[PDB]
Amino acid sequence: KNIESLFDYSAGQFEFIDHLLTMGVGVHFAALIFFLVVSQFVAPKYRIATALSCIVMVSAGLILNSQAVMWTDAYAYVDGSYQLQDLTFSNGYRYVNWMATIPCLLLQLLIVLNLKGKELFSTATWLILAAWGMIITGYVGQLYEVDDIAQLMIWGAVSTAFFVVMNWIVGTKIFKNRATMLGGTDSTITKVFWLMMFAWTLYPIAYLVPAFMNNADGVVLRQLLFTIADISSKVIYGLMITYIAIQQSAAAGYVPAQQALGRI
Ligand SMILES: *C/C=C(C)/C=C/C=C(C)/C=C/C1=C(C)CCCC1(C)C
Ligand SMILES: CCCCCCCC/C=C\CCCCCCCC(=O)O
Ligand SMILES: [Cl-]
Ligand SMILES: [Cl-]
C-alpha cells in the first residue's frame, strides 16, 4: 500500500537510505547520553523536561533502528538492483510512534513554560488530543498513497486542521507565558516556537511526496525529509529545551545549574 513497495532501487539509492537511517540512530543515541549527563544540572521543577528528551531519543532511535533493519530485510540485490523480497517496508510504524513521541515533545515545552497543576493538565490534555487526531487521520491517509491519492489528500486536509489548531494552542501558550520565564529564556522560547513551525511542517511535505514525486527518487526524498525533520524536531529542539531548563534553574538559584554554566 506504500509507494516504497512499487520500485526497485539502485545500489546508490538503497545504500543512501540505509545510511540516512543508521546516521539517524547514531545521532539520537549520542544525544541521549548528553541529555542524561546534563540532567543533574537541572532543577527539580524542570528536570522532567530533560528526562523527556532522553525518552524521545530512545523512542525515535528505536524506530529509526527498526526502519533500517526492515529496509535491509525487505530488499536484496538481484539482477543489478535492490528488489523487494518476502518482508515488507513501511513508514506506517513512524505514525504509531508519533502517538508517544509527539506528546513527549509537547509536554517538555509546557514544563519549561512554567505551567503547573490544573493549567498544565488541561493544556496537555487538549494538546495531546489534537496531536492524536492529527496522527490518526494522517495514518489513515497514507494507507491510500498508492491506491487513492484523492483520499490521501482529504485525510491530509483533516489532519492539517488538527495540526493548525494544535500549533495555535502551542503559540498561544508560548507567547502568553513568555513573560514568566527567567534568565533571558523569554527570548529563547520564541525561537523554539519557530523551530517547531519549521521542523514539524516537513512531515506533511513528506506525506505529500507520493502526490508530486511518485518514483524511487521520491522515496529517497521522503527519507531525507524525515531525517532533517527528526533531527530538528527532536534533537535540536531538545537541546534548546534543556538549555532553557538549565538557564531558568540557574536563575532560580539552583546551584548545580549555576556551577555548570560557570564552567562554560
Ligand atoms: C518527532 C516526530 C514529529 C515531531 C512528528 C510530527 C508529525 C507531524 C507534524 C505530522 C503532520 C501531518 C500532517 C499535518 C498532515 C499529513 C499527515 C501528517 C500526520 C504527516
Ligand atoms: C539538521 C539537518 C540534518 C541533515 C541530515 C542529512 C545529512 C545528509 C544529507 C544528504 C546530502 C545529499 C546526498 C546526495 C544524494 C544522492 C542521491 C542518491 O544517491 O540517491
Ligand atoms: Cl526546583
Ligand atoms: Cl518518533
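By convention here, the first residue in the shown sequence is residue 1. Counting starts at 1 for both ligands and their atoms, following the listed order. Note that these values count all heavy atoms, side chains included, but never hydrogens, waters or copies made by symmetry.
Of the protein's non-hydrogen atoms, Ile228 CG1, 4.2 Å is the one closest to atom 4 (C) of ligand 2. For atom 19 (O) of ligand 2, the nearest non-hydrogen atom of the protein is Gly12 O, 4.1 Å. When hydrogens are left out, the protein atom nearest atom 17 (C) of ligand 2 is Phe16 CD2, 4.8 Å; that is the closest non-hydrogen contact. Considering only non-hydrogen protein atoms, atom 3 (C) of ligand 2 sits nearest to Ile231 CD1, 4.0 Å. Of the protein's heavy atoms, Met23 CE, 4.1 Å lies nearest to atom 7 (C) of ligand 2. Among protein heavy atoms, atom 8 (C) of ligand 2 sits closest to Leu20 CD2, 4.4 Å.
Within a 6.0 Å sphere centred on OH of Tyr243, heavy atoms belonging to other residues, nucleotides or ligands number 12 at most.
Of the heavy atoms in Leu224, only side-chain atoms (C-beta onward) come closer than 4.0 Å to ligand 2.
Checking atom 10 (C) of ligand 2 against the protein gives a heavy-atom contact under 4.0 Å.
Of the inter-residue distances, the one linking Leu127 atom CG with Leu110 atom CG reads 5.5 Å to the nearest 0.5 angstrom.
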Would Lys1 and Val146 count as a side chain to side chain contact (heavy atoms under 4.5 Å, CB included) if you check the C-alpha gap in whole Å, the side-chain angles of each, and the deciding distance to 0.1 Å?
CA-CA 6 Å; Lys1 303 301 176 183; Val146 170; 5.7 Å; no
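Judged purely by atom type and a 3.5 angstrom limit, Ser81 has no side-chain atom pairing as donor or acceptor with the backbone of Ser10.
Of the candidates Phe89, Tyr82, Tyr77, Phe14 forms a ring pair (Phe, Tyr, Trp, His ring centres under 6.0 Å) with just one, namely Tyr82.
Ring planes of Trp71 and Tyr75: tilted class, angle from 30 to 60°.
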